[PDB]
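Structure record follows, encoded as structure tokens.
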Amino acid sequence: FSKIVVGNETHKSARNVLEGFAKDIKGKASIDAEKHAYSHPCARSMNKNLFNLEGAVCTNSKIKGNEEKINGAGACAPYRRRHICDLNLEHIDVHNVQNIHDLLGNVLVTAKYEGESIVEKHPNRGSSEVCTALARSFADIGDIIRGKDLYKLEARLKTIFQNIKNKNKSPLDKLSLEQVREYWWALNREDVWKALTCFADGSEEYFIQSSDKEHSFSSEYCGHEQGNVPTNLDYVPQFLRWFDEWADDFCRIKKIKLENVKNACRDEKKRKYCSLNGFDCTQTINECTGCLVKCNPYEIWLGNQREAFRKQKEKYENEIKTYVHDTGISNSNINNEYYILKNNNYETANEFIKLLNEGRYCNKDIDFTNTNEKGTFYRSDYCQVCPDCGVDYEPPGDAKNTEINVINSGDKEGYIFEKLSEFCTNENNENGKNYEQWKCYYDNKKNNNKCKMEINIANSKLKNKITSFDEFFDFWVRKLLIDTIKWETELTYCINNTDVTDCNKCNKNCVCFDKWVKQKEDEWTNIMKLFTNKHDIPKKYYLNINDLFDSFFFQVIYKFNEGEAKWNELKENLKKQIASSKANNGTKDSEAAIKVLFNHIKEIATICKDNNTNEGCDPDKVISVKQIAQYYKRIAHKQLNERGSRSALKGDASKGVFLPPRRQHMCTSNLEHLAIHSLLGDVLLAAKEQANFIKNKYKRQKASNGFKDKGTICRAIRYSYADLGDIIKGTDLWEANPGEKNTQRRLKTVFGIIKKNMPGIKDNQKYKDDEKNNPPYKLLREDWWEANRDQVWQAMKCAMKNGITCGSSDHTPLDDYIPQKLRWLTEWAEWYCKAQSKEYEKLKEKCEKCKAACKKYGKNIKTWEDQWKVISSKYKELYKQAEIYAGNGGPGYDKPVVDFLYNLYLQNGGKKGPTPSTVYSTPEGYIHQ
């Protein structure tokens, strides 16, 4: 080795300035810590190298210190952080670690293995890059140890340090726990460093760019044999270091991906001049698919990095306010060992970014302050549509001459929602910029098939466009595949449990998506109207293009390994159908592949909307019971994706305590009237019948004279739906009833049958608890419901479509997630209010005779109030149980009710304790909003 590589021609060198500034705090830390001088892991990433071309992780569930707020507080973790050989740290027990040397044993061992992993995986040497990575790792090791790591072990480590602190009070009795941890680290930095650098070439030296003229180098093997740690990064706040490491990954990856794109799109040799969408421009009038295959994930990757960058930039400013202005409390329960850089004028994110720009890999066409058009974020000049030049029709009589409505998403930038705009905003702008109206003169006897634009709303500056129908079709399909990926990819954020606060942005995005899906289904139908007269599409317009769909999209499925198993299921379903075509050139294969793609995208739109309902959006402040229900639903969704498969459990019916008065009249006779399919059939039947029963109960009470309150009927339908789901799940309150018992008897019978007969679930260890569940088959039934609950709701609203509508025209109520005891308390309170109102008016309508009526009134009201007192008492006890668990961190730190109330409590002001009374601390908590 002993070579000179990895560029780095210029200075500024943010790593080195931050590494240097830290020397003064290091010196301080060294002295005060001395005052107290007295006192396989890689298996998880064994096959992962450090330089894989992946973006940063901006996930709130993994990274601490990212406010659930919209558009800010980012601290996106680097690839390396995610792959640290820390399984041996996870296995640290409080019981086992007693001594300061026990901590060192575990840390030093981890450092030796981490060291080997980092150096062995690097195709480098001849540069400081390998030891730079070790220094970055060293600092994260210290952050983990010290409890300052943004990325249950932390609690164990704190417990261990508390035990050390408590066992050896002197001299540590003068210290906070944080000081004890910091000093332990400071005292042993050298041993940890030496362990980390054990695996190194002699030619490797840790290097600091103190200035463009002053160059400081460590001893042979990056200081392994040196009397000091050559690096001060551990002191550098993790947020700052992550921002710097992030820039190196961005710099490096962008350059690699960009070179791959350039080869894919343009080459003077052989006159290759490809467009963004996979077309050969200025060609003679196949190969350019490769341009599309690489531009698509490239643009997406840059968009994700753009967001990561911007969110971190905002966090920088927030950190500055916290420690630079330092007003009032200013988040005092933290130890950053002083911002310091305030006096080096790094109060402005832009000053910091200029410093950061000269990282290892951007140090030479990247400018991180260039937020203008065509900045580092903008996609290659090559990833654009060629404007009809590189280096311009007549109806066959009455032969299927039809005009199709076309929504053209266009090509501009990422963020499909904003791109669509108008379309997403409303139906009023369907005749807007993205609307195209095409008249396709398509014959099945002649090949003189052309499509013309009737109107241009985005093409108004262009000559009227006329194109061949087969190309038209190709374009339409090509865009559907591209748009599919972009919608699905961008909405991945919304699908995967977006905490509890970002409702308005996803609600708007999910609704646009579904409108878009319906629009595409209609476009598909309108295209098929030209061919369904025969159901034999001439080969020119049949497959040939849809066939080549696997030329792209499939070639990107493995790249976008974000959907994991779900994308594997899609690929398999489409693969089977396309394989049919490959084996047989013609056979209704095209239509089938498109139907598969639509069923997939429709399912996502349903899932998206259902996890972002209108009732879950915001109207200490009061948080609605519906917002917590949305939370539990998001959990159920995630659990199903991990446990089983929606495709495995979703059926198709075309193929197969004081009890509320509504429940007292619920139908269990649907059973008296593809095991999952047979079950779905029986359920949908019950759903429609009960909805019809309720309508009739209140049809007789629809005289529009004191009967104008639509809420009675809406609520009855929603409560019935929720109770039905609980029956299906098999988790209810109503026992000792033959109707209910027979229902549960058959329900446990069918699910056992489902487990044994149906595929996939036939043999999953995940589900091999049903025979020992309480109730039996609880797990499978809950997942079945999660998979089939929308179909059930749809049946009920269909039954009621010609009656009084119930809230929103779309989405499904979250009421099946709200625990039944809480649903019944709410219902009874409303029932009592109505019952009491009726007695009141009779009394007022009714001198001695009114006094007698008053006594009768009081008896009826009292009866209802006493029943209420009993249930409200139970509420209070379950609420207190939630406080009891919360005071110890929560459950494991009516129980589902308790679990529900626990999360509601915390959202409304309670705190996860190792008297914050709020709105839901009382049974009356639903009254004053």
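Just so we're on the same page: first chain in the structure tokens is A, next is B, and so on; residues restart at 1 for each chain, and ligands are numbered from 1 in the order they show up.
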Need to verify the contact set: residue A:37, 12 Å, only C-alpha atoms, exclusion of same-chain residues closer than 6 positions in sequence. Can you return it as a PyMOL selection string?
chain A and resi 29-31+100+170-172+180+182-188
Long-range neighbours of residue A:250 as a short mmCIF file (atom, residue, chain, number, x, y, z; two decimals) with N, CA and C atoms, in the first residue's frame, 9 Å cut-off, only C-alpha atoms, 2 positions minimum in chain:
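Saved the output as selection02.cif:
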data_model
loop_
_atom_site.label_atom_id
_atom_site.label_comp_id
_atom_site.auth_asym_id
_atom_site.auth_seq_id
_atom_site.Cartn_x
_atom_site.Cartn_y
_atom_site.Cartn_z
N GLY A 55 -29.31 5.02 0.18
CA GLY A 55 -29.44 6.35 0.78
C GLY A 55 -29.46 6.27 2.29
N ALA A 56 -29.67 7.41 2.93
CA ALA A 56 -29.70 7.52 4.39
C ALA A 56 -31.03 7.05 4.96
N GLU A 245 -20.76 12.59 7.74
CA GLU A 245 -20.66 11.28 7.12
C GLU A 245 -21.68 11.18 6.01
N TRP A 246 -22.85 11.77 6.22
CA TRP A 246 -23.90 11.76 5.25
C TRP A 246 -23.41 12.40 4.00
N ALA A 247 -22.75 13.55 4.11
CA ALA A 247 -22.28 14.17 2.90
C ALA A 247 -21.34 13.24 2.17
N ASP A 248 -20.44 12.54 2.87
CA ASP A 248 -19.59 11.65 2.08
C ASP A 248 -20.38 10.57 1.37
N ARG A 252 -20.22 10.32 -2.81
CA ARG A 252 -19.73 9.09 -3.39
C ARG A 252 -20.77 8.37 -4.20
N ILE A 253 -21.97 8.24 -3.65
CA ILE A 253 -22.98 7.50 -4.33
C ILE A 253 -23.45 8.25 -5.53
N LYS A 254 -23.70 9.55 -5.40
CA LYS A 254 -24.16 10.27 -6.56
C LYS A 254 -23.18 10.10 -7.70
N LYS A 255 -21.87 10.20 -7.45
CA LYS A 255 -20.96 10.05 -8.56
C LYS A 255 -21.01 8.66 -9.18
N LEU A 302 -32.18 10.56 -5.53
CA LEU A 302 -31.83 11.94 -5.27
C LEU A 302 -32.92 12.64 -4.52
N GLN A 305 -32.63 11.79 -0.94
CA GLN A 305 -31.48 12.42 -0.31
C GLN A 305 -31.74 13.90 -0.15
N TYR A 361 -15.26 12.97 -0.72
CA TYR A 361 -15.62 12.66 -2.10
C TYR A 361 -16.04 13.83 -3.02
N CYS A 362 -16.60 14.93 -2.45
CA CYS A 362 -17.02 16.15 -3.17
C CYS A 362 -15.81 17.07 -3.34
#
Quick one: residues within 10 Å of residue A:526, only C-alpha atoms, excluding same-chain residues fewer than 2 positions away - as a PyMOL selection string?
chain A and resi 402-406+520-524+528-531
Dump C-alpha atoms for the selected residues as a short mmCIF file (atom, residue, chain, number, x, y, z; two decimals), in the first residue's frame?
data_model
loop_
_atom_site.label_atom_id
_atom_site.label_comp_id
_atom_site.auth_asym_id
_atom_site.auth_seq_id
_atom_site.Cartn_x
_atom_site.Cartn_y
_atom_site.Cartn_z
CA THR A 402 -63.47 6.38 -29.83
CA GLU A 403 -62.01 9.17 -27.63
CA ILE A 404 -60.40 8.29 -24.24
CA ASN A 405 -60.02 10.64 -21.21
CA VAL A 406 -56.26 10.79 -20.41
CA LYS A 520 -56.38 4.72 -14.81
CA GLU A 521 -58.81 1.86 -14.53
CA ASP A 522 -61.24 3.85 -16.64
CA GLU A 523 -58.52 4.64 -19.18
CA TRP A 524 -57.78 0.93 -19.39
CA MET A 528 -60.29 -2.16 -24.21
CA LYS A 529 -63.59 -0.88 -25.63
CA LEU A 530 -61.75 -0.85 -28.99
CA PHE A 531 -60.93 -4.58 -28.76
#
Give the answer as one residue: which of A:378, A:243, A:38, A:206 has the shortest atom-to-atom distance to residue A:228, using only C-alpha atoms?
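Using only C-alpha atoms, the shortest distance to residue A:228 belongs to A:206.
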Could I get the residues of stretch 230-256 of chain A with an atom no further than 12 Å from an atom of stretch 319-322 of chain A, each paired with its nearest atom pair and that distance in Å to one decimal, using only C-alpha atoms, sorted by chain and residue number, as CSV?
residue,atom,partner,partner_atom,distance
A:237,CA,A:319,CA,10.7
A:238,CA,A:319,CA,11.8
A:239,CA,A:319,CA,9.1
A:240,CA,A:319,CA,10.0
Using only C-alpha atoms, please write the residues we just selected to a file, as a compact mmCIF listing (two decimals), in the first residue's frame.
# COMPACT_ATOMS: atom_id res chain seq x y z
CA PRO A 237 -21.67 15.95 18.60
CA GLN A 238 -23.23 13.02 16.81
CA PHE A 239 -25.59 15.17 14.85
CA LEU A 240 -22.70 17.15 13.34
Which of stretch 190-362 of chain A end up as helix (DSSP H, G or I) when DSSP is run on this backbone - answer as a PyMOL selection string?
chain A and resi 190-196+233-235+238-265+269-271+289-325+341-344+349-357
Using only C-alpha atoms, which of the listed residues (A:668, A:232, A:532, A:863) sits closest to residue A:23?
A:232
Counting only C-alpha atoms, the residue of A:379, A:518, A:69, A:40 that sits nearest residue A:295
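Looking at the shortest contact to residue A:295, the residue is A:379.
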Do you know which residues are at most 8 Å from residue A:617 counting only C-alpha atoms, after dropping those on the same chain fewer than 6 positions away, and could you put them as a short mmCIF file (atom, residue, chain, number, x, y, z; two decimals) with N, CA, C and O atoms, in the first residue's frame?
data_model
loop_
_atom_site.label_atom_id
_atom_site.label_comp_id
_atom_site.auth_asym_id
_atom_site.auth_seq_id
_atom_site.Cartn_x
_atom_site.Cartn_y
_atom_site.Cartn_z
N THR A 501 -48.94 11.84 14.13
CA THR A 501 -49.32 13.23 13.85
C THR A 501 -49.47 13.65 12.38
O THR A 501 -50.27 14.54 12.07
N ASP A 502 -48.77 13.01 11.46
CA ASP A 502 -48.81 13.49 10.07
C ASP A 502 -49.98 12.92 9.28
O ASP A 502 -49.79 12.12 8.37
N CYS A 503 -51.20 13.38 9.62
CA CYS A 503 -52.44 12.91 9.00
C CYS A 503 -52.75 13.75 7.77
O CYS A 503 -53.09 13.22 6.71
N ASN A 504 -52.66 15.06 7.87
CA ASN A 504 -53.12 15.82 6.74
C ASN A 504 -52.32 15.60 5.47
O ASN A 504 -52.90 15.56 4.39
N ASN A 507 -53.29 11.92 4.26
CA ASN A 507 -54.69 11.87 3.90
C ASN A 507 -54.86 12.45 2.50
O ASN A 507 -55.48 11.82 1.64
N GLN A 627 -57.95 9.19 16.73
CA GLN A 627 -56.56 9.34 16.37
C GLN A 627 -55.78 8.19 16.99
O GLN A 627 -54.89 7.61 16.37
#
